[PDB]
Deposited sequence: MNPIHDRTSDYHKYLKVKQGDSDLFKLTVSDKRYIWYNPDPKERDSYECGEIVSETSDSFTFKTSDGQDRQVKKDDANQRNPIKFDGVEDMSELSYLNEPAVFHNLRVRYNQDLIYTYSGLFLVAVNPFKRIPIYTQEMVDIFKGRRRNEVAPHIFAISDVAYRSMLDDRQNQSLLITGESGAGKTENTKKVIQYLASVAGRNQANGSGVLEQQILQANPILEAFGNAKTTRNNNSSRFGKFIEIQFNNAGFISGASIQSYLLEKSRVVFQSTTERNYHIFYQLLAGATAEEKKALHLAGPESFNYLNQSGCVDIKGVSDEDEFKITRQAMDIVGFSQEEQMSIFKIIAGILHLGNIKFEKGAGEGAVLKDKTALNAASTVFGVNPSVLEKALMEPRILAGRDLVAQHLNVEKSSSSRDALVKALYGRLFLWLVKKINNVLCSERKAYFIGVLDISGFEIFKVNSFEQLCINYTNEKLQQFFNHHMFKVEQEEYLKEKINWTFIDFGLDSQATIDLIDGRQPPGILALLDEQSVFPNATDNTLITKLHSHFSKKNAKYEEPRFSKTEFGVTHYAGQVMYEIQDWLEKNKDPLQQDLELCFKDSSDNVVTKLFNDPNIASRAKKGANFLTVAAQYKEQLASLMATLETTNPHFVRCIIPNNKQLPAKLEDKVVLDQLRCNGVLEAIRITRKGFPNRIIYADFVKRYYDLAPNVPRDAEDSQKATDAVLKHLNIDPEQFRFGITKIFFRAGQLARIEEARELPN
């Protein structure tokens, strides 16, 4: 029993190493400490200062430099006793301040212990290196063990959810959020891995389930500056089980795919993997059949400067990709056609428009055009026309407009994005067909989406994601509320979100999105019309809104995680997500069997006519609706720094994450009440010695508990006698720990 075998890798990689003695005395020390900032400017940089003395109302300690300072007792960030260093649950700390929470986390991360509970949450810090804790043998250990029975681990959370499901006959949810490169995806794959093993048919379906990711990642993931394998879409995976607890199916829901990246990538970034997998993996044969070339040869791949990922083989990845398509069950035809699309898009990107003639655009060279049309199976001349001379409705009239160069270009780009986005939807639906069960008994859904996003530039998509985030945070808070309430009750112990939410999605008065939809009808509205209307309704009128002192194209929202400034450029376009009808016509006719789908199926070809914002709001609401039906589990993934490096846990970086993600809030809140809630028996074991009275092992543990306390002459308001646990307010237990044997 590896859990008891101090020599196992379980013990090596998942636990704080244990010595021979457990004796209370070892940890004996006379010294007391505080967490201080050696620069009040840099607020997340603390040092530990021993406390030299105290006053009736303050503390006076010595800094690192031998420098002495004074602090208000009431402002002190007291350091937990060393015994607490490395606890598995932050909920176990007596002093629950910020430097303190960070310190426990860091102690743990320094031993490569990346998972730590914080009440209801599982906090996970990206190690940025391999830790062999995801083996089958590792899977095997977590089977049927209570949270409190094993070390923190994604597997653990997964096991709790699965037993809960079987036990309570209730659906469950695992919400894995955090920033780019934080490890959401990695953890998501481990949850599925785990389920697949604990509940799989001891597997074909299990295989197809697994192989679905890989497929999605090729088309929806890319190299960005924050992550070599960034998910440029959000997802909600539903793992379906039958009444007996065996995996019966699955369904996936995708959100917010970054279609833009298809036509543009920032420097050092790559387009989606697939492009490169195809280009490096196609047979010298398919190449020619696809008119393929290097990446350097394609405008959509030759701009970021980056065409390769360190320690990554696109060709090798292609195989893999192609392999999964196989498993899931994509026909060769389908497969070819999918490639053909990937290919055509590449060709479209290579279309050069020139002017001269007059002002309208022209295609002096038709090579690219020919190639794209060819692969798509559409008519080049029709394509040509639909791109540069779209017929447009002036009411009665349906007249062809001759587009200029840029406009022509923007249209081809729009075609490309629709192709990509639609193909992605189609892949998803294809997989679901295969995997999904109409009739299922239970499910455990996993959400793998970004947490709050606050970049340099925040656009429409950031607002969306941040809106989702407000909803999930408010979901957490409500949950936390019942759960925390349930508990006190069981032992016999005694919003702002809404306003932000309304600001965004309100119908009356109208919020940001309703105004944006309104502006959306008018062909002639502009980003200026839009932003002016926004300021007209909320500047000094809604407390969550801020009109900037000088910018004319931005506005701020006070979000849960703090203010975000958004820039309004292109929102109208984004909101409508326009594609010329002649382009729809052109492609509808596609000889291609798959192409035909992308344009002929309203479930793929269209939104409903709904705006992009309306659709987003609608999908978020179903989402939450579903979640409302489950028993949720929260995973907070934390990036340790901005460099993709191991052994480099940056306080500022980290602290920031903890503030925004609800971890520090939960605590502050928990802190307020009775944070420490110990099993009577557990208390006594550790403290019997402190009282000229009590024996380590007593059957009357509550009584034994009242002894030490009394021995100790501890304050009654500082602790609450719970049926099973002893509830200790903040610092109390630290003091107690701080007592003589």
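Undergrad: Could you sort out which parts of the deposited sequence are absent from the coordinates (no C-alpha) and give them as ranges from 1?
TA: Several stretches lack coordinates - namely 1, 204 to 208, 501 to 507, 622 to 626, 760 to 762, in sequence order.
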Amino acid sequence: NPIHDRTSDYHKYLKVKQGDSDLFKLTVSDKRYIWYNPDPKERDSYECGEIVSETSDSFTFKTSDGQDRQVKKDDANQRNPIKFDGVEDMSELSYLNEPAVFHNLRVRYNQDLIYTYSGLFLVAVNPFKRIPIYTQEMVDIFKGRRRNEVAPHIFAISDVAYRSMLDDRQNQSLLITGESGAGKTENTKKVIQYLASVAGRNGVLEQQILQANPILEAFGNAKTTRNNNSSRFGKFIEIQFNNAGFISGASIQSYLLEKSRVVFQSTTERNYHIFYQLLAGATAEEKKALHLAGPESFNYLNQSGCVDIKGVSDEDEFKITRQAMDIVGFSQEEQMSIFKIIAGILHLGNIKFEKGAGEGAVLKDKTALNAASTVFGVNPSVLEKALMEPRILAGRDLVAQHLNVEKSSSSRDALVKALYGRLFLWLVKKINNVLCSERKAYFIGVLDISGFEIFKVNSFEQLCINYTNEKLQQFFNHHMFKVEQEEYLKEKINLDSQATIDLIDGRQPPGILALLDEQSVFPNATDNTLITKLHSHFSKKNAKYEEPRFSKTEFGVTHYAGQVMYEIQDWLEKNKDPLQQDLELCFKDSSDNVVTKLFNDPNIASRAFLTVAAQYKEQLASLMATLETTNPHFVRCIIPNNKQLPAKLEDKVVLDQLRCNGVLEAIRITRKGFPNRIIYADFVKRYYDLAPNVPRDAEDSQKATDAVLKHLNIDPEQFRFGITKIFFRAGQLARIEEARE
From here on, numbers count along this sequence of modelled residues.
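Undergrad: Take the C-alpha B-factors listed in the entry for 398 to 406 and for 222 to 230, compute each mean, and give the stretch with the larger one.
TA: The deposited B-factors put 398 to 406 ahead on the C-alpha mean.
Undergrad: Do the C-alpha atoms of 238 to 246 or of 72 to 80 have the higher average B factor in the entry?
TA: If you average the C-alpha B-factors of 72 to 80 and of 238 to 246, the larger mean comes out for 72 to 80.
Undergrad: Considering only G203, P214, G506, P152, which residue's Cα atom bears the greatest B-factor as recorded?
TA: Checking the PDB record, the top C-alpha B-factor among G203, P214, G506, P152 is at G203.
Undergrad: According to the deposited entry, which of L113, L645, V362, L415 has the largest Cα B-factor?
TA: Going by the entry's C-alpha B-factors, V362 comes out highest.
Undergrad: Splitting the chain's C-alpha B-factors into thirds, which one does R671 fall into?
TA: It falls in the top third of the chain.
Undergrad: Looking at the temperature factor on the CA atom of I493, which third of the chain's modelled residues does it land in?
TA: Its C-alpha B-factor, which the entry lists for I493, ranks in the highest third among residues of this chain.
Undergrad: Thinking about Cα B factors across the chain, which third does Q193 belong to?
TA: It falls in the bottom third of the chain.
Undergrad: Considering every modelled residue of the chain and its Cα B-factor in the PDB entry, is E286 in the lowest, middle or highest third?
TA: CA B-factor rank for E286: highest third.
Undergrad: C-alpha B factor of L14, ranked within the chain: lowest, middle or highest third?
TA: As the PDB entry reports it, the C-alpha B-factor of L14 lands in the lowest third of its chain.
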